[PDB]
Amino acid sequence: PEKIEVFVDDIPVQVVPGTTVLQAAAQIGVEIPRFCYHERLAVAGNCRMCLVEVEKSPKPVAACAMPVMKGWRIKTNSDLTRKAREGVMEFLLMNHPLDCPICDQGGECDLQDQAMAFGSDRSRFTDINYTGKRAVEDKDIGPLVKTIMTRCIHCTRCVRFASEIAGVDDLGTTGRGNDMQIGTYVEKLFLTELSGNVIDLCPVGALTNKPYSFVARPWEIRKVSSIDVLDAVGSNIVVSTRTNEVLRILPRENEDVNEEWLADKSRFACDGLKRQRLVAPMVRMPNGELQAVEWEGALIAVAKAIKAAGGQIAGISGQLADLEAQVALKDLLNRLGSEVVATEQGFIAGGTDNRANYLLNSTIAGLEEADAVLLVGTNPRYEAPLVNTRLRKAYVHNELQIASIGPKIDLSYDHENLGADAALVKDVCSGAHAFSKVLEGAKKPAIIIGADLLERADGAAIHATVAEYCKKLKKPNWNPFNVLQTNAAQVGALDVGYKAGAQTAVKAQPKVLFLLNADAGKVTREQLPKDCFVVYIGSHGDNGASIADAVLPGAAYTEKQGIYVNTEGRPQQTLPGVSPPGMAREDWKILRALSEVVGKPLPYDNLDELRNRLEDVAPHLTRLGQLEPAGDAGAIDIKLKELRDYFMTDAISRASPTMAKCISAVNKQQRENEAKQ
Amino acid sequence: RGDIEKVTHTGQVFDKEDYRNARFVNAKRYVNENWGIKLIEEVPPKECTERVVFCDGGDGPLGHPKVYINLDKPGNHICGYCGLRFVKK
Amino acid sequence: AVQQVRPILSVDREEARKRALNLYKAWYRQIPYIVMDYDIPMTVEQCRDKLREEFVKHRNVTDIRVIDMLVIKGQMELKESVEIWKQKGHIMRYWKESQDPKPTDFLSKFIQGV
Amino acid sequence: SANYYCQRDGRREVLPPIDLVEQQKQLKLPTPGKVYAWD
Amino acid sequence: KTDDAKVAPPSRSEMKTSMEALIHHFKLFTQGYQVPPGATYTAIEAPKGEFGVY
Amino acid sequence: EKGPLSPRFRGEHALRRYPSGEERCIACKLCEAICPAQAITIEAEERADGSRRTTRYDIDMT
Amino acid sequence: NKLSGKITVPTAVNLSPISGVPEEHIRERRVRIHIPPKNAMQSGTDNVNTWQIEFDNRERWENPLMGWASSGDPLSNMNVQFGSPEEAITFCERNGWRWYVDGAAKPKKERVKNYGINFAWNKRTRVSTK
Amino acid sequence: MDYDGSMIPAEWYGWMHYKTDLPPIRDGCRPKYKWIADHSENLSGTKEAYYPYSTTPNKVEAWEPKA
Amino acid sequence: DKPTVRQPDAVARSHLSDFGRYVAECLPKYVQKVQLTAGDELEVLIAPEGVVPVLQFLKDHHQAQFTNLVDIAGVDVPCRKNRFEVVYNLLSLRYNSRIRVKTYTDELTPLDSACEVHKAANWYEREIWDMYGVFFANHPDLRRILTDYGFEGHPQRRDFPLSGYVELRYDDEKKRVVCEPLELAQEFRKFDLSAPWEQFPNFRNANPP
Ligand code: SF4
Ligand code: SF4
Ligand code: SF4
Ligand code: FES
Ligand SMILES: [Zn+2]
């Protein structure tokens, strides 16, 4: 398709035909002011701020939605454009209220910025003295999104986002004329895993974070690039620190993975990093109370127990442990002579060796390219919401055939439910069902199996057959087999060489135990050997931490620099934005100190020494930001099938106050459905 | 002394065993006696007829910027700036 | 990876040493005067010892140009000590006696914070 | 009225520096200015 | 005062009523005003002499 | 005897209150953003009434 | 036999000693060459066209007296801009720092972004509302 | 003989500086609100002296072993 | 009809413009470029070697007679391979006009000295040497001016922390003032004042490589 030649501002430009004027102007470099246009939303002409003049224009055209045509001449900065822009902003600023100082988007508001650049500087609106402005009742929409609609400019970003990206469909417009409002005609709660993203979409401060309300201004605050850790998507984050306080979280545009959206859990659970925190080493007395002690006694006491326990030790890594903590943990236990190093979330026995057996080989970006997707009892909407919306983008732009072989769930879009019984996956893998024919006929089939199922029971057979069928489904440059990992450390464990299954470590019968912030109930001292001495090296004092005889504080993920391998497999680096509290240290530093206290020092006294020890173990694993290919790959009832299940998953999640409010609010709206009836 | 006992309206009292108490062994811990929360509570909620009213809080250019507050909802409506309260009924 | 560039003073590494050692002469010869002039604790042997270590401070300098500048700095500081523009505080600065050598081994770092 | 900012603004009016030789390429001994008898 | 409210701050009276006066008050005091790129010299007959800022 | 000054004299700082007695400050944080010496520090939250108000508001007259 | 005393010297000249930075910072601190992140709730993108370098966070505690954010770490705010990463790496070496680039992003892949797809007869992409 | 510069009260301060030509006895247009305190000297070097202190309740909550 | 917008002296632009070409075609080997900044001043961009010849040419030739050398303003700009830029802003009383000469240099190569041309510059070279470290060749005495004795580093560079690396106090053990590593009561809070929206189109593509 030959590219057209068009003189954007007296500069020849190349555009594939059908390109919009705006999309061409950015190509060359000029930017047109927009309000209702966004890269990842349907096109509409609402603001009329993107207007621009083309030579011999009877009518200025909206660049945002104007396909370019041969031999045009777009006069971006010609006076007619300037006349248009000023008039449009005089209009927008008529009856926007005088609420910048109390509006949380102050100093971050596109209306302010575009008023500065492209608007006038005098108020022709004289009617403030006669009849004033308009006003609109605010809406109740949830415990997360504070709504002040009297500032809205009806850009419909919220309308379009909800309808398409999240498919909630419950937020819309009403009325004619200047009294047109936005919201829900009757009071409801906009409850949705992706609901946070509307706060970033609303160009004006009509929708804003309830928790991060009034707390700080953008000019004061400081930005730190980082990566989300609460979900195995590993989305890129910009942690918004100000003076040793993580005020909020924002998505960092990494369209290969992050997609620029962000789930509610990652967005809002940041408060969890300020409550139930461990700020002092503790050791369990004969009274048993775990009084506070100092680092000297603590590690010395721990080194005492390890030496005299009798060389029967285990380490069970949690789910928020960075790969450095795993490697430091493993190396120390190899000095001690114990290879019992399990991970909480179990996995396939005897298939953990080929890299592609525990990843998303389908290139999460490529998921949107998928054509026929088969989700065997693997609810993405609450297991990987960012992955879920990628699928919906496919479902909307490429006719994605989405079947299900699990229990009932709702994916925000139609999906064919073939049953639940695990015998269905076998018949499909043989290719004896109608959707199997669809899979055959497709060009980008995908088969997604949730890691929970792979650890459920006797599921290694299920995986083996699934890999067996993927052999035929393989199309060049495309590996169908997909595994939505859940914890952000599981893939880290596999690349260092752990075992899988906390019960595995218990079955070893160790005299001492190590727990990298492992706050899952999968291990209980009752279920442990009675004499088993228990050491916990995690940040939040959660219940799993409650059952240890020694409790070493740790700095949470935002506070520590670590490496996390995301689901698909790229390794990514957190950066520390906040000084840790109390005596908290880095996890890989706690282990290193303990080794040298025992008398079996590790070789890595610095992060780089450790990062080179990982380089030894996996050169692929230190090529940050890249993804080495792995090639060939090798009833059903699941959790997180409702939002109520989703909000309370991890220790940080339970720690957060806002999430607890969210759970209560959803329960109450359900009760309203029962009783308001 | 009561000076180092009072609860600042912001909500702080030095813990009874907290070394930062020491700084007041010889100086007063000023705490203000007017708490805005109580005062605005006392002020009664003004009422009007029109669906939409306007507040500047103070007077003329001696108050906060003019703001329009709709009253169609049943409840009260608090001025964002001054905390004045409006009710149409 | 070479660049055909201007000189500053010294055209060859040996001229650089010639200049560098000239400075070492002035500083060695000066030390006794400063012990007298500046009423500070330091004694001649210690001042001489520091002068040795402070040249050793940068032994593996390689570029002709860089070593030229280091000498330019020294000739300046020489004159500022030769004449008494400096002060007893300024001259002692080379010892850094206000701060105790901070912990270095991992436990002392670990037990004393980042 | 007739008070548009676009047609009275200065900051959007200023240009980058021009290259005089290239100015000529587009196309009384000269003196910087009126001689002053600073004498 | 120069008429350009994008350059010098607006008056309080206009600020508390009109909208873009408030925006301009807001942006000028927080971000200031972009100055077009360039270098310039100036001098003044200050009492000590020609005081200048480059 | 003493003086004279003018009404604009710039001296001791003070945080005023509305005619009702309510705090005028709303934590808009412009004062900090402009303060040439960066002598102002502010931290604001929601009082239980839901109003945008300061918690800490500090000035260093050194 | 000279061009005003010109000399042949390697292009890469380490300048750590002449610089004046204490060796403590030079030997314990890295640099994070990158492009500044794009603000999430903005849409103009003319402040992320430059390559930026800074130094890793060290520490921040609070002043016991007044509860400020005390910090005894000098290169905390330090921040410099460049036009291209290779320029910055060249600079960073010449000042003898340890650094590790952070690849910004691949060129944006064209998105069709048609208007007609909003209204289609068969495709799922029909808009629910306007 | 302990006169001080701060003994002047608020309502008279302006007149005393030639800052207002309206004696407080004459202009009753100034505010007469309730919360207004009464005057005070530069209470310094004495037990009545001000002394600063943090005005933010603590940031991060510690985990409680008992609960 | 725009009272806000000033109107420069056009005739002054005329004279400076033609004169600028005069300088360019009279010193071909040195003058790299001559431009007329919109602020009506005239800039003369030379190569580092011609510093003295340009200055000597200006102060002496009839048509220039730029006698006073107002200052030596130093500019630092990383991302320019030889970054440290220098500006020689001159005056001419005979013709009542101002001119600016500019040159570049790196942190390593030395630079010509104006001490032999204008006695006025002597202190300025000392000032830039102290403030950036730009050596000057043939300068009589390159002693530091502003910074205190035994100060390491040149602060006006943009790769130097604002508050410096060390700070002083007083010791009782030693009856003397000691320099210590930095320690700040309240860390200097930057503010990120970056424009998201390009407020100036005219400079966008202009001056491209
Ligand atoms: S959205 Fe907020 S910041 Fe923007 S103009 Fe409106 S009140 Fe001001
Ligand atoms: S609420 Fe926000 S996103 Fe929705 S139309 Fe109004 S301004 Fe746009
Ligand atoms: S934060 Fe500062 S500028 Fe804003 S209202 Fe309060 S005192 Fe005034
Ligand atoms: S961006 Fe084109 S009308 Fe809104
Ligand atoms: Zn009000």
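Cβ sites come from the backbone with ideal geometry, for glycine too, and all protein chains shown count toward neighbours. Every number in this text was worked out from the coordinates using simple rules, so none of it is lab data.
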Quiz prompt | Spacing of the two label points (7 Å from each Cα toward its C-beta) at residue G:1 and residue D:25, in nm | solution = 4.1
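Please give me, ordered by residue number, the trypsin sites (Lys or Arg not before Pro) of the stretch I:18-75 that lie in loop per DSSP and have at most 15 other Cβ atoms within 10 Å.
Of the trypsin sites (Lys or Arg not before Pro), the ones in loops of the stretch I:18-75 whose Cβ has at most 15 other Cβ atoms within 10 Å are I:29.
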Quiz item: How big is the antiparallel share of DSSP beta bridges in the stretch A:509-635, given as a percent to the nearest 5?
Solution: 30
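Could you work out the helix-only [θ] at 222 nm for chain H, with each DSSP H run of four or more residues adding -39,500 (n - 2.57) and the total divided by the number of residues, to the nearest 500 deg cm²/dmol? Before the final figure, lay out each step's value.
On the way: 1 runs with 7 residues, N = 67.
Counting only the DSSP helices, I get -2500 deg cm²/dmol.
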Quiz item: How much mean residue ellipticity at 222 nm does chain A get from its helices, if each DSSP H run of length 4 or more adds -39500 (n - 2.57) and you divide by all residues, to the nearest 500 deg cm²/dmol?
Solution: -8500 deg cm²/dmol
Quiz item: Out of residues 5 or more away from residue A:447 or on other chains, whose amide H comes under 5 Å of its own, with H placed 1.01 Å from N in the peptide plane?
Solution: A:374, A:482
Quiz item: Roughly speaking, what is the centre-to-centre gap between the stretch I:25-51 and the stretch B:4-64 when only Cα atoms are used, to the nearest Å?
Solution: 64
Quiz item: Applying the Karplus parametrisation 6.51 cos²θ - 1.76 cosθ + 1.60 with θ = phi - 60° to the phi angles of the stretch A:173-190, what ³J(HN,Hα) value in whole Hz is obtained for each residue in order, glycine and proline being reported as x?
Solution: 9, 8, x, 9, x, 4, 8, 4, 10, 10, x, 10, 4, 10, 4, 9, 10, 6
Quiz item: With the contact rule set at Cα under 8 Å and sequence spacing of 6 or more, what percent relative contact order holds for chain B?
Solution: 23
Quiz prompt | Rg(Cα)/(2.2 N^0.38 Å) for the protein assembly as shown, N = residue count | solution = 1.02
Practice problem: Once you've got the Cα coordinates, tell me which of B:38/E:27; I:33/I:59; A:668/G:123; A:304/A:639 are over 31 Å apart. | Solution: B:38/E:27; A:668/G:123; A:304/A:639
Self-check item: Inter-centroid distance (Cα atoms) of the stretch F:42-57 relative to the stretch A:311-342, Å
Solution: 46
Quiz item: So, in Å, what gap is there between the alpha-carbon centers of chain H and the stretch G:55-75?
Solution: 32
Quiz prompt | Averaged over C:53-63, number of beta-carbon atoms from partner chains that fall within 10 Å | solution = 2
Quiz item: Residue by residue through the stretch A:475-481, which ³J(HN,Hα) values in whole Hz follow from phi under the Karplus form 6.51 cos²θ - 1.76 cosθ + 1.60 (θ = phi - 60°), with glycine and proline marked x?
Solution: 10, x, 6, 7, 9, x, 4
Self-check item: Taking I:88, A:469, C:28 and counting other C-beta atoms within 10 Å, the order from fewest to most
Solution: C:28, A:469, I:88
Exercise. With a point put 7 Å past each Cα toward its Cβ, work out how far residue I:176 is from residue G:50 in nm, to one decimal.
Key: 4.3
Quiz item: Ordered by packing density, taken as the mean number of other Cβ atoms within 10 Å over each peptide's residues, highest first, how do A:47-60, A:198-211 rank?
Solution: A:198-211, A:47-60
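If r is the Cβ-Cβ distance from residue F:35 to residue I:6 and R0 is 45 Å, what FRET efficiency results, to the nearest 0.05?
Working: r = 32 Å, r/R0 = 0.70.
With a Förster radius of 45 Å, E is 0.90.
Note the per residue figure in Å³ for the convex hull of the C-alpha positions in the stretch A:393-500.
Taking only Cα atoms, the stretch A:393-500 has a hull volume of 136 Å³ per residue.
What per residue convex hull volume, in Å³, do the alpha-carbon atoms of the stretch C:11-114 yield?
For the stretch C:11-114, the hull spanned by Cα atoms encloses 137 Å³ per residue.
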Quiz item: When only Cα pairs under 8 Å and 6 or more residues apart are kept, what is the percent relative contact order across chain G?
Solution: 28
Practice problem: Give the order of B:20, I:6, B:1, A:267 when sorted by the count of other beta carbons within 10 angstrom, beginning with the fewest. | Solution: I:6, B:1, B:20, A:267
Quiz item: Averaged over F:9-19, how many beta carbons belonging to a partner chain fall within 10 Å of each residue's beta carbon?
Solution: 3
Quiz item: Taking Cα atoms, how many degrees apart are the long axis of helix E:19-30 and the longest axis of chain E, rounded to 10 and kept between 0 and 90?
Solution: 40
Quiz item: Counting each DSSP H run of 4 or more residues in chain C as -39500 (n - 2.57), what helix-only mean residue ellipticity at 222 nm follows after dividing by all residues, to the nearest 500 deg cm²/dmol?
Solution: -19500 deg cm²/dmol
Quiz item: Quick one: H:12, A:295, fewest Cβ neighbours within 10 Å first, how do they rank?
Solution: H:12, A:295
Quiz item: Taking the Cβ-Cβ separation of residue A:334 and residue A:309 as r and a Förster radius of 22 Å, what is the calculated FRET efficiency to the nearest 0.05?
Solution: 0.85
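Based on the Cβ-Cβ distance of residue A:127 and residue A:83, what FRET efficiency does E = 1/(1 + (r/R0)^6) give at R0 = 35 Å, to the nearest 0.05?
The value I calculate is 0.95.
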Exercise. Can you spot the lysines whose alpha carbon is less than 21 Å from residue I:174's alpha carbon? Ignore those fewer than 8 places along the same chain.
Key: C:50, C:86, C:88, C:96, C:102
Quiz item: What percent do you get for the relative contact order of the stretch A:50-165 when only Cα pairs under 8 Å and 6+ apart count?
Solution: 20
Quiz item: Share of antiparallel DSSP beta bridges in the protein assembly as shown, in percent to the nearest 5?
Solution: 70
Quiz prompt | Cα convex hull of the stretch A:218-272 - mean projected area over all directions, nm² | solution = 3.7
Exercise. Report, in debye and to the nearest 20, how large the dipole of the stretch A:373-525 comes out about its Cα centre when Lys and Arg carry +1 and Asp and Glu carry -1 on their Cβ.
Key: 380
Exercise. Treat each spin label as a single point 7 Å out from the Cα along the C-beta direction, and report the residue I:26 to residue A:464 distance in nm.
Key: 9.4
Quiz item: Across the residues of A:218-231, average count of Cβ atoms on other protein chains within 10 Å?
Solution: 4
Quiz item: How large is ³J(HN,Hα), in whole Hz, for each residue of the stretch A:439-455 in order, when computed from phi with the Karplus curve 6.51 cos²θ - 1.76 cosθ + 1.60 and θ = phi - 60°, using x for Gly and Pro?
Solution: 4, 4, x, 5, 10, 10, x, 9, 10, 10, 10, x, 4, 3, 4, 4, 9
Quiz item: Which far-off residues, 5 or more places away or on another chain, put their amide H under 5 Å from the one on residue A:478, with H placed in the peptide plane?
Solution: none
Quiz item: Under 5 Å between amide H atoms, partner at least 5 residues away or on a different chain: which partners does residue A:532 have, H built in plane at 1.01 Å?
Solution: none
